Amino acid sequence: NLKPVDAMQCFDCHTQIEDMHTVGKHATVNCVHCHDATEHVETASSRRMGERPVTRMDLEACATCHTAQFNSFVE
Amino acid sequence: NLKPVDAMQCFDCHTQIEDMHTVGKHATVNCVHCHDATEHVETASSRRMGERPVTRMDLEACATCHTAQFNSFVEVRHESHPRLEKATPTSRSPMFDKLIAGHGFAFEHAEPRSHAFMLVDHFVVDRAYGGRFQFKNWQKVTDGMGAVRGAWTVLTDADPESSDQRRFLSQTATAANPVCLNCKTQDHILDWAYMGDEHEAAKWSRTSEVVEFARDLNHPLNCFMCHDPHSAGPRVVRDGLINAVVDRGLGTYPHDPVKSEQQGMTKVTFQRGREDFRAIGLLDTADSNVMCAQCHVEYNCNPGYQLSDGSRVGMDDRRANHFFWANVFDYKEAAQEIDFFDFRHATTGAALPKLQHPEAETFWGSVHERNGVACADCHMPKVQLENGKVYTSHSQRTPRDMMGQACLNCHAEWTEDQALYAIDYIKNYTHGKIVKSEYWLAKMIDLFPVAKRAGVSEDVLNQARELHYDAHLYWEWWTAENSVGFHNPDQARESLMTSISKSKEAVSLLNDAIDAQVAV
Amino acid sequence: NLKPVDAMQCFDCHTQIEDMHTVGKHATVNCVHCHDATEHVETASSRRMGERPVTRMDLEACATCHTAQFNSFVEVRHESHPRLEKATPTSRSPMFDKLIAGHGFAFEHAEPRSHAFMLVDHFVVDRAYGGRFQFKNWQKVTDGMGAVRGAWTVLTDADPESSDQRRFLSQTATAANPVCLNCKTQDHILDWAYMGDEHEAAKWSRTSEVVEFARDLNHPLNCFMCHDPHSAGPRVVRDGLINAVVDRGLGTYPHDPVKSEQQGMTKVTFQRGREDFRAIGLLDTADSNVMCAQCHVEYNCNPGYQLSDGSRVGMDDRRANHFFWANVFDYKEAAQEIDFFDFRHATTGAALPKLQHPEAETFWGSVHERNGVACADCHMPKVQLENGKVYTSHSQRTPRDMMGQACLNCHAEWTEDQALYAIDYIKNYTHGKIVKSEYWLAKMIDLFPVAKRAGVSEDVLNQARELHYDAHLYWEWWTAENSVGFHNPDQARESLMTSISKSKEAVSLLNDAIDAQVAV
Amino acid sequence: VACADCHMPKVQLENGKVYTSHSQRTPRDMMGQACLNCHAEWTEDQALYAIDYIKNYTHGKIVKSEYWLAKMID
Ligand code: HEC
Ligand code: HEC
Ligand code: HEC
Ligand code: HEC
Ligand code: HEC
Ligand code: HEC
Ligand code: HEC
Ligand code: HEC
Ligand code: HEC
Ligand code: HEC
Ligand code: HEC
Ligand code: HEC
Ligand code: HEC
Ligand code: HEC
Ligand SMILES: O=N[O-]
Ligand SMILES: O=N[O-]
Ligand SMILES: [Ca+2]
Ligand SMILES: [Ca+2]
Ligand SMILES: [Ca+2]
Ligand SMILES: [Ca+2]
C-alpha cells in the first residue's frame, strides 16, 4: 500500500514543480504515485541530486485513478 | 481546484481515523476530497466538535477516481419493468390484495427496479407518504443519473409548508417512518445514533417526523455503505445488521460457526462527548453476502403489536428497528423471541407477520452458499475484457444479462440456453406452488365471514387464526423473496407445501364448524 | 378507360359542389373518377334527382392517384394480436365477466386490431349478429386487403333467406343496430339522414333491420371520412360528432374556447327535395384530434333506459345516437342531462353506464394536448425518407413501431429505450390501479347476493346500487380507453382511486347491514 | 473541428458521468458521436457514403499518379 511523502519538503528544492502542482487538478495527488525518492531525499541538497530518485513511466501509474481513460486507450 | 489540507493536524485529534487511513489503500487520498473542515479545525477541542465540518455524502465524491465503478453502478436496466404492481395476475402475487388486506402494502407494492432509483421510489410509492411526493413530471421516471445526483432534483413536495404525514390522494397510506431510510440512503450516517435511539448528538431518530427527515436526504445507496472511506476496506454500516451479527452474537453465518469466524465482522464505535454514538462493522473479507444483507433481509422497520397481549409496539421501541436474522423455518420462533407481529388481517382478524425480501436468509444453506458462492458472483461479477484493467461491475442485476461471467464460467458443461432453462425450471415450479398456496389461503379467508355469520364459536375462529399465521408465513416468504425459489429451491418447496397444509387444515376446521351450526 | 364528363353541366345544378370543387386541390379531378351520372343528367331537374347516379365508395377510387396513402392504410400490423378477448387474466380486464354481467359485451369483447378489419370484425364478433356472419374460412382472418375490397368478398351469412336478428350459436348476442355502422363504414353516406332520423330520402335509419343494412355495406373507414372528395380539404362526416360540436355548441375543444375558435368546424348541409338531409363538418385545419374523434369517443349507439323512471329508450329515440363529448369527471352529469343509462347489472341490479373507447375525451387537458400535439403526431406521422417526396403514413398504430418519427423527434434527450420505459411506467402503474379497482368492485358485487339473502333492506341495497354506478364509471372508463393511462395519466389515477373509494364505501355499507341482520 | 472530435469523442451515456474516449480510431465505429451530432441532416449510411465518395475519388488519382510515375521510371 502506498504511503504518502511530505510534498512540502520536496518543494523546498523543487519550486518549479511546486508552482505547477499546487495550482492544478493534481494538487492532492501525492508524489509517491509516480516517484520513489526516499534515498534521494536522504542524500540531496538543493545543489546536488544525491541518489537519483525513480520516476514511473508506466501507464498503470495513471490507470489507478483514471481506469475509464486507460481501458478505452488499450482497446 | 482542491487544495490538500494537513492530515497530521486532523490526526492529532482523530486517532481512530489515523489508524484506519494511514494503513489502507486510501493513505494517499487527502481529507479535502470529502470534508470541508477549516472552521472545525479553528474551533474544535480534543473532546468538543466546535464548528461542524462539512462531509460529502454524494456518490460523485468517489466517481472522480473510480469512474468505471460509478458508471456501472448508475446504469438503468430498462428491461427491469418500472412501477409494476405485484398484486396482478401477470406478476408475483395474483391474490395479494385478499391475502394482505389490513396491511399498508395493499395500497401499492411494485417489483424492484435499478438501485439508482431506490430513494426516489421510496418517496413516491403510494403506501409511503400519502402521495405527498411525486416526480416533477412523468418523464423524470427515466432519470437514474438525476436521482443519484439527488432525490430533490427530480421530485416535488405537494405541501412544503407542513410536515405531517397525511393522505394527499384517497388510495394512499403513510407507512413511511425514519427506519425505512436506513435501507435507501446513508446520507444521515453522522446524524443518526446506532439503532435510531434518542441521543443528544443525533438530529434524527426512530421517533422523528419522517417528512422532515425525508427532506434532508438525497442520495441512494452511497458507495461508503460497503467500503470504508478511510481505509477503503470492506464494511457494513447498517445498525440492524451489526446488532444481529455482533450484539446478539449470531455471527455472519448463523448456521456455520466456522465460516462466521473466517468471514466475520468487527464492530467499531464512534463517540460524541465521550459517549457511544454510531458504529460500523469492518469485514474480515470483501464478502458480498454480508454487504447485500444490509438491505436484502427480512426486518422490522415499523410499529406493530405484541403476540402475548395485543398491545401496540411503537417507533420508540427498539423492536421497530430489528433484523430477525432467521430463515423461514426459524422465523416464527424469532418473532416469538421479541413478542411481535405486524398486523391483523382485515377479514380473518388473525395476528399476522409481514415478510420482506429475505434473500440473505434464504440463500443460507443453499448449494451455492455451501460452496462459497456469494451474491456478487451472480449479480455483480468481474468485467471480462480482451485488453484492459479488470474491475468489478457495480450494476447489480439479474445474471441473465451476463451469463458468461455470472454462470457459464463455473458451469462449463452448459450453454447459455441450458443454464437459462435450469433457472426457469425452478422458477416455474416454485411459482406454481406460490399460486396454489394463494388459492388455499384465499379459500380459507373466504370462509371466515361465512363462519362468523353462521355463529361459529370464537374458540374455533381463534384456532383458525392460529393456522392463518403459519399458512401466511410459509407462503409470503416466497412472494417477498425475489428469486422465485432460485436461491433455495428445496426450501421454497418444503415451505410452500407447509403453507398449503396449514390452509387445508383451516378450511376443514371451518367447513366442519359451519356445517355443524347449520345442522343445529 | 375513363372518359371525362363535362363538369360545367353538373355545376349548372350543383352549386354547392361547384363552390367546393373549383377552389380546392381536386379542381382538376374529373367527376367520372367517382360518379357514373349519364342517365342522371338526362332525367334530373333542378330540384328532382331523376335517375340516381352511381357513386363509388370503395377506397381504390382514391388509390389510383394516392397509392402511397392507400398502401400505408391497408397494412396489417400482425403484432396487434387478433381476436384477443379482454376478459382474461393476461388482457385488459381480468374480472370483466363479473363486472359487466347483464351487458352484451360479456359475450365477447376483443382488443382492437388494424383498421382494415373494422367492418368485418364488427360483423363477426359474437356479441353482434348472433353468430350469423363468419369469415368464409379461418384463413381469411389474415386478408386485410380482401376486407378493404369488400366485407362480402371474405364473409358468409348463415341464412341469406331471413333478415331477423337471432342467435345461430348459443353464446352469442344480437347487440348490433344501424347506429354501430356509422363508426365502421360510410358506404351509406347518401342513404342515411343526419342522426339516422326517419326521412323520405333515406333508405336506412336508426330503426332499420340491421341485418338488411349490413348486407348493403362493404368498405371499412372510407378515405372520404376525413377528406372532402370535392375540395380535398379536411372534414368529418360523423353525425354524432357534428351534433355535439355544432348543434349543441360545445365546440371542438370544449375546455378551450380559444382553440375551439382557431380549430373549429363549419356544418354544411345537403338537401333532398329542398329539405335538410345530410351534413358534413369542414375543419378549419387538418386537425386529427377531431378526425379520429369521429369514432374514438364514448357514445350511445344502442337502446337503454331512463335514470328517472327506468323506462325503455329505443332505437327510435335520438338518444340512441349520441356523443356525450364529456371527460370522465363530467360524464355522470352528461348522462343525467339526457336521462339515460345502459343496463342493469345482473347480480347487483344497479343501473349502470356502459363506457366505450373514450380516447378523444381522455386526451383533452393532457400535457400533450395542451401543447398542441394531436393523435396523428403519435399514431400516423410523416414518413422520413433519405431521398423522396414526404407523405403522411396512414397506418394508424402504436408509436412503438416508429419511435424516431412519433416521439424521439420531439424528445431529443431520450433514446428509444428510455422513451419506451417512460410509456411502460405509466401503463404499469395504471394497470395496477385498474386491477385493484376490479378487485374492490368484485368484492362489492359478491356481497349483494349475501345481503339480499340475509334480508338486508331495499333502502340499503339501493344506496349500494347508487355507489355501484360511480364505482363502475370510474373504473370502466380505463379498461375501455386503449392507452392504459398514457393519454392522461393523472386523470386515470384520480379516477381509479375514486372507483376504489366508492367500492370500499359500498362494501362497508353492505357488511355492516349483513352483520346487523345476523345479530337480529 | 479538431482530430479528437472525429477520432476520440466524448462518450454518450443514458445515465453516467461523461468522459473522453481514448480509443483513437476511425469515426466509422462511433458515427453517432463523431459525425452525426454535427450533421443532423444525414443518416449514418449517408455520412459513410460521403466519406467513400472522397476516398474512392482520391484513391483513383493516387493509382493514376503511380501509373505515370511507373511509366517515367521504366
Ligand atoms: C504521476 C501522476 C506524477 C505525480 C503525482 C508527480 N510526478 Fe513528478 N514527474 C512525473 C513524470 C512522468 C515525470 C517525467 C517528466 C514529465 O514532464 O513528464 C516527472 C518529473 C519530475 C521532476 C523532474 C522535472 C525535471 O527537472 O525534468 C521532478 C523534480 C518531479 N517530477 C517532482 C515531483 C514532486 C516533488 C511531486 C509531488 C508534489 C511529483 N513530482 C508528483 C510524474 C509524477
Ligand atoms: C489518483 C491518486 C490520481 C492519479 C494517480 C492520477 N490522477 Fe489525474 N486526476 C485526479 C483527480 C482527483 C483529478 C481532478 C478530477 C476533477 O475533475 O476534479 C484529476 C484530473 C486529471 C485530468 C483533468 C485535468 C484538467 O485540467 O481538466 C487529466 C488530464 C488527468 N488527471 C491525467 C492524469 C495522468 C495522465 C496521470 C498519470 C500520470 C494521472 N492523471 C494520475 C487523480 C489522479
Ligand atoms: C482519488 C483522489 C480517490 C478518491 C476521491 C477515492 N478513492 Fe478509492 N482508491 C484510490 C486509490 C489510488 C486506490 C488504490 C488503487 C490500488 O489498487 O492500489 C483506491 C482504492 C479503493 C478501493 C480498493 C480498496 C481495496 O482493495 O482494499 C475501494 C473499494 C475504494 N477505493 C473505494 C472508494 C470509495 C467508496 C470512495 C468514495 C467514498 C473513494 N474510493 C474515493 C483513489 C481514490
Ligand atoms: C440497501 C441500501 C440496499 C443494499 C446494500 C443493496 N440493495 Fe439491492 N436493492 C435495494 C432496493 C431498495 C432495491 C429496489 C430499488 C427500486 O427503486 O425499486 C434494490 C434492487 C436490487 C435488484 C433488482 C434490480 C433490477 O434490475 O430490478 C437486484 C438484483 C439487487 N438489488 C441486488 C443487490 C445485490 C446483489 C446487493 C449486494 C451487492 C444489493 N442489492 C445491495 C436495496 C439495497
Ligand atoms: C432494509 C432492511 C429495508 C428497510 C428497513 C426498508 N426497505 Fe424498502 N426495500 C428494500 C430492498 C432490499 C428492496 C428491493 C427488493 C424488493 O423486494 O422490493 C426494497 C424496495 C422498496 C420499494 C420498491 C418496491 C416496492 O415495494 O414498491 C419501495 C417503494 C420501498 N422499498 C419502500 C420502503 C418503505 C416505505 C419502508 C419503510 C416502511 C422500507 N422500504 C423499508 C430494503 C428495505
Ligand atoms: C455493496 C452493496 C457495495 C456498494 C454500495 C459499492 N460497492 Fe464497490 N465493491 C463491492 C464489491 C463486492 C466489490 C468487489 C470486492 C472483491 O474483491 O470481490 C467492490 C469493489 C470496488 C473497487 C475495487 C476495484 C474493483 O474491483 O472494481 C472499487 C474502487 C469500488 N468497489 C468502488 C465503488 C464506488 C465508487 C461505489 C459507489 C458508486 C461502490 N464501490 C459501491 C461492493 C459495493
Ligand atoms: C447465483 C448462484 C446466484 C447467487 C449466489 C445469488 N443469486 Fe440472486 N438470483 C439468481 C438468479 C438466477 C435469479 C433469477 C433472475 C432471473 O432473471 O430469473 C436471482 C434473482 C435475484 C433478485 C431479483 C432479480 C431480478 O429478477 O431482477 C434479487 C434482488 C437477488 N437475486 C438478490 C441476491 C442477493 C442479495 C444474494 C446474496 C444473498 C443473491 N441474490 C445470491 C442468482 C444468484
Ligand atoms: C387523380 C385523378 C386523383 C383522384 C382519383 C383523387 N385525387 Fe386527391 N389529389 C389529387 C391531386 C392532383 C392533388 C393535389 C396534389 C398537390 O399537392 O397539389 C390531390 C390532393 C389531395 C389531398 C391534399 C389536399 C390538401 O392538402 O388540401 C387529399 C387529402 C386528397 N387528395 C385525398 C383524396 C381522396 C380521399 C380521394 C378519394 C375519394 C382522392 N384524393 C382522389 C389527385 C387525385
Ligand atoms: C371510425 C370510422 C374510426 C375512425 C375515424 C378511426 N378509427 Fe381507429 N379504430 C376503429 C375501429 C373500429 C378499430 C378496431 C378495428 C378492428 O377491426 O378491431 C380501430 C383501431 C385503432 C387502433 C388499433 C390498431 C392496432 O394495431 O391494433 C389505433 C392505434 C387506432 N384505431 C387509431 C386511430 C387514429 C390515430 C385515428 C385518427 C387518425 C383513428 N383511429 C380513426 C375506428 C376508427
Ligand atoms: C363510434 C362512436 C363507434 C360506434 C357507434 C361503435 N363502435 Fe365499435 N369500435 C369503435 C372504435 C374506435 C373501436 C376500436 C377501439 C376499441 O376499444 O375497440 C371499435 C371496435 C369494435 C370491435 C373490435 C373490438 C371488440 O370490441 O371486439 C367490434 C367487434 C366493434 N367495435 C363492434 C361494434 C358494435 C356491435 C357496435 C354497435 C353496438 C359498435 N361497435 C359501435 C367505434 C365505434
Ligand atoms: C382520418 C381518420 C383520415 C382517413 C380515413 C384518411 N386520411 Fe388521409 N390524411 C389524414 C391526416 C391527418 C393527414 C395529414 C394532414 C396534415 O396536414 O398533417 C392526411 C393526409 C392525406 C394526403 C396529403 C398528402 C400527405 O400528407 O400524405 C392524401 C393524398 C391523403 N391523406 C389521402 C388519403 C387516402 C387515399 C385515404 C384512404 C386510404 C386517406 N387519406 C384516409 C387523415 C385521414
Ligand atoms: C403521443 C404524445 C400520443 C398522442 C398525441 C396520442 N396517443 Fe394514442 N397512444 C400513445 C401511446 C404511447 C400508447 C400506448 C401504445 C403502446 O404500444 O403501449 C397509445 C395508445 C393508443 C391506442 C391503443 C394502441 C395499441 O396499443 O395498439 C389507441 C386506439 C390510441 N392511442 C388512439 C389515440 C387517439 C384517437 C388520439 C387522439 C385523440 C391519441 N391516441 C393521441 C401515444 C399518443
Ligand atoms: C472529422 C471531421 C475528422 C477530423 C477532424 C480528423 N479526421 Fe482523421 N479521419 C477521418 C475520416 C472520415 C477518416 C477515414 C476513416 C475511414 O474509416 O474511412 C480519417 C482517417 C484517419 C486516419 C486513418 C484511420 C483509419 O482508417 O483507421 C488517421 C491516422 C487519422 N485520420 C488521424 C487524424 C489526425 C491526427 C487528425 C487531426 C490532425 C485527424 N485525423 C482529423 C475524419 C477526421
Ligand atoms: C494525446 C494524444 C493524449 C494521450 C496520450 C492521453 N490523453 Fe487523456 N485526453 C486527451 C484529450 C484530447 C482529452 C479531452 C480534452 C478535452 O477537454 O476535450 C483528454 C482527457 C483526459 C481526462 C479528463 C476527463 C475526460 O475528459 O475523460 C483524463 C482523466 C485523461 N484524459 C486521462 C488519460 C490517461 C489516464 C491517459 C493514458 C492512458 C491519457 N489520458 C492519454 C488526450 C490524450
Ligand atoms: O408520522 N409522523 O412521522
Ligand atoms: O333487430 N332488428 O334489427
Ligand atoms: Ca426487478
Ligand atoms: Ca417484516
Ligand atoms: Ca390492438
Ligand atoms: Ca357508452
Side-chain angles (χ1 to χ4, degrees), chain C residues 73 75-86 92 103-105 107-129 141 144 147 173-186 196 210 214 219-222 225-226 236-241 286-304 315 320-324 331 334-335 340-343 352-360 363 374-381 392-401 473 476-477 479-483:
Chain C
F73 173 73
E75 282 178 18
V76 173
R77 181 176 192 270
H78 294 117
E79 296 73 24
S80 285
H81 306 296
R83 208 77 183 248
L84 186 56
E85 171 56 55
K86 288 170 65 175
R92 296 293 322 279
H103 192 276
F105 271 45
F107 287 89
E108 179 172 19
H109 177 31
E111 301 189 9
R113 61 169 176 160
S114 296
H115 278 154
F117 298 110
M118 68 178 58
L119 181 62
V120 296
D121 287 353
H122 168 76
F123 291 143
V124 305
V125 70
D126 286 340
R127 69 178 186 269
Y129 295 88
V141 308
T174 51
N177 60 72
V179 184
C180 304
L181 285 303
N182 285 279
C183 288
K184 307 297 180 242
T185 183
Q186 284 285 326
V210 70
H219 317 286
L221 186 39
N222 314 70
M225 290 193 66
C226 299
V236 301
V237 301
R238 182 54 153 98
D239 52 18
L241 184 64
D287 181 359
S288 63
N289 290 333
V290 180
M291 292 169 181
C292 307
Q294 298 181 85
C295 305
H296 286 266
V297 289
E298 155 53 14
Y299 69 96
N300 284 343
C301 53
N302 44 272
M315 288 314 305
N321 185 8
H322 180 78
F323 281 26
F324 294 89
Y331 180 84
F340 182 93
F341 70 94
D342 287 88
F343 73 110
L352 295 177
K354 177 74 189 74
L355 290 305
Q356 283 103 342
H357 43 63
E359 282 86 44
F363 188 57
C375 323
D377 301 320
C378 302
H379 294 291
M380 52 168 300
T392 303
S393 174
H394 278 58
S395 180
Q396 293 86 16
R397 63 174 65 198
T398 170
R400 294 190 199 246
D401 286 14
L473 168 60
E476 215 211 351
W477 196 270
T479 49
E481 211 270 354
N482 281 285
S483 74

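Each ligand, and each atom within it, is numbered from 1 in the order the structure gives. In what follows, chains carry the letters A, B, and so on, assigned in the order in which the sequence lines appear, proteins first and then strands, with residues in each chain numbered from 1.
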**Q** With a cut-off of 3.0 Å, does any N, O or S atom of C:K354 fall short of it relative to the Ca ion (ligand 20)?
**A**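 Looking at C:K354, which is the residue asked about, there is an N, O or S atom under 3.0 Å from the Ca ion (ligand 20).
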**Q** For ligand 10, which part of C:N482 has a heavy atom less than 4.0 Å away: the side chain, the backbone, both, or neither?
**A**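 Side chain only.
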**Q** Answer yes or no for C:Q356: is there an N/O/S atom below the 3.0 Å cut-off from the Ca ion (ligand 20)?
**A**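 Within the cut-off used here (under 3.0 Å), C:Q356 does place an N, O or S atom near the Ca ion (ligand 20).
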**Q** For ligand 9, which is the ligand I care about here, please tell me if C:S80 has any N or O atom under 3.5 Å from one of the ligand's N or O atoms.
**A**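 Among all N and O atoms of C:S80, at least one is under 3.5 Å from an N or O of ligand 9.
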**Q** Report the member of C:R127, C:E298, C:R238 with the shortest heavy-atom distance to atom 22 (C) of ligand 10.
**A**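 Nearest option to atom 22 (C) of ligand 10, by heavy atoms: C:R127.
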**Q** Is atom 8 (Fe) of ligand 9 less than 2.8 Å from at least one N/O/S atom of C:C292?
**A**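 Short answer: no, not a single N, O or S atom is under the cut-off.
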**Q** Given that the side chain starts at C-beta and the backbone is N, CA, C, O, which of these parts of C:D121 lies under 4.0 Å from ligand 10, counting heavy atoms, or is it both or neither?
**A**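 For C:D121, the contact with ligand 10 is made by the backbone alone.
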**Q** Strictly under 3.0 Å, is any N, O or S atom of C:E298 next to the Ca ion (ligand 20)?
**A**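 For C:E298, the answer is yes, given that an N, O or S atom comes within less than 3.0 Å of the Ca ion (ligand 20).
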**Q** Should C:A376 be listed as contacting ligand 9, given a heavy-atom distance under 4.0 Å as the test?
**A**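 False for this residue.
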**Q** Assess C:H115: does it contribute an N, O or S atom lying under 2.8 Å from atom 8 (Fe) of ligand 9?
**A**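 Yes - counting backbone and side chain alike, C:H115 has an N, O or S atom under 2.8 Å.
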**Q** Enumerate the atoms of ligand 9 whose separation from the nearest heavy atom of C:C295 is less than 4.0 angstrom.
**A**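 Heavy-atom distances to C:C295 below 4.0 Å select 1 (C), 2 (C), 3 (C), 4 (C), 5 (C), 42 (C), 43 (C).
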**Q** Looking only at distance, does C:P112 have an N or O less than 3.5 Å from an N or O of ligand 9?
**A**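 There is such a contact, yes.
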**Q** May I ask whether C:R113 has any heavy atom positioned less than 4.0 angstrom from an atom of ligand 10?
**A**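 Under 4.0 Å: no for C:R113.
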